[PDB]
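Take a look at this one chain, the form solved without adenosine-5'-diphosphate, written out in structure tokens.
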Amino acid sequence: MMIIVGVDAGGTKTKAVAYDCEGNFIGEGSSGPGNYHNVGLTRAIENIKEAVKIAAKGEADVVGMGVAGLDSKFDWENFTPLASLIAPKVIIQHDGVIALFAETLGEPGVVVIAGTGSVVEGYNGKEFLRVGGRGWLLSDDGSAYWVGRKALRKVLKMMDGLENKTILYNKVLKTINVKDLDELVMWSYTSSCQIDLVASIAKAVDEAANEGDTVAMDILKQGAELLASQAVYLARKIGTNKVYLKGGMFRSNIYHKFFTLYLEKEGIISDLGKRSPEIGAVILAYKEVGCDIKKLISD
């Protein structure tokens, strides 16, 4: 019958899930980044189309998508037209909006997305509010890019002899395949503006942290608390006592722990939640075309 696809077009990757209109799962698909600021509009759209095609096993009737990078009116006006050519019916929203809707389903609340970039999104019963979520230079506190940059800067200070070399040191050098200061410099000058390459270093930080390296742990702690502070601010403003946590950074057990500890000390409850942003997009699509959301229930 009808094929409805929900999509999370993020900075790290694009994830899509397809369902019919009767709540039944059809399939899933993944592709590259959906943030056009990082891969360009042509490729971002191509990646979304690919993820959708894979999940639907062909053409889709309705596509709902949460998108990273729609940070200005300019961003929206150039993205919308192209994204609408993907299927007969297409629904587009900022990724923070979809991630939050996926969980609160129309009710007030706050969600945090911590992936290649980051954002805190809330809903006060009347409108959506955003804190951060404006790119790597201006924002993205506690994101993978933010963590990767901090690690790179720390590694140089270790090479300079300013600080002792820790586990993090070799984890980073191996990740980007660099053996000395000279190679690190060259890597930086040709990788400086490639957000994905810097963000990829967050994995090295997580590995070093899991092995007890306080230097790596400090980076994760600072990033998590910088972002968590924004979540606490918005939660208090909206009047909610809980915040939902989504994104690849929360797959870092230590990062997640520092984030939850901060929220808890500030009287806020954290919840990873049961609903992904992509299924949130499916739900929004269901509402748009009239499919019964309760049919998605399964056990």
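Each residue number is its position in the shown sequence, starting from 1.
Keep in mind that the form solved in complex with adenosine-5'-diphosphate is missing from the display, and what follows is about it.
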Identify the site as open or blocked, taking the pose of adenosine-5'-diphosphate in the deposited bound form and overlaying it via the site C-alphas; a blocked site has 3 or more ligand atoms within 2.4 Å of a backbone or C-beta atom of the shown form.
-> blocked
Although adenosine-5'-diphosphate is absent from this view, report whether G115 comes within 4.5 Å of it in the deposited bound form, heavy atoms only.
-> yes
Contact of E103 with adenosine-5'-diphosphate in the deposited bound form (heavy atom, 4.5 Å) | no
Please check if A144 has a heavy atom lying within 4.5 Å of any heavy atom of adenosine-5'-diphosphate in the deposited bound form.
-> yes
Are any of the heavy atoms in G248 no more than 4.5 Å from a heavy atom of adenosine-5'-diphosphate in the deposited bound form?
-> yes
Heavy atom of each of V5, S84 and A87 within 4.5 Å of adenosine-5'-diphosphate in the deposited bound form | no
Location of adenosine-5'-diphosphate contact in the deposited bound form, chosen stretch of 194-202, 176-184, 224-232, 161-169 [non-hydrogen atom, 4.5 Å] | 194-202
Can you pick the one in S252, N47, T240, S270 that has a heavy atom within 4.5 Å of adenosine-5'-diphosphate in the deposited bound form?
-> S252
Can you let me know which of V97, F79, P33, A208 is the hinge position, looking at how the rigid parts move between this form and the one not shown?
-> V97
Pair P33/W187, Cα separation in the deposited bound form versus the displayed form, closer or farther by 3 angstroms or more | farther
Closer or farther apart in the deposited bound form, the C-alpha atoms of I283 and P108, for a change of 3 Å or more?
-> closer
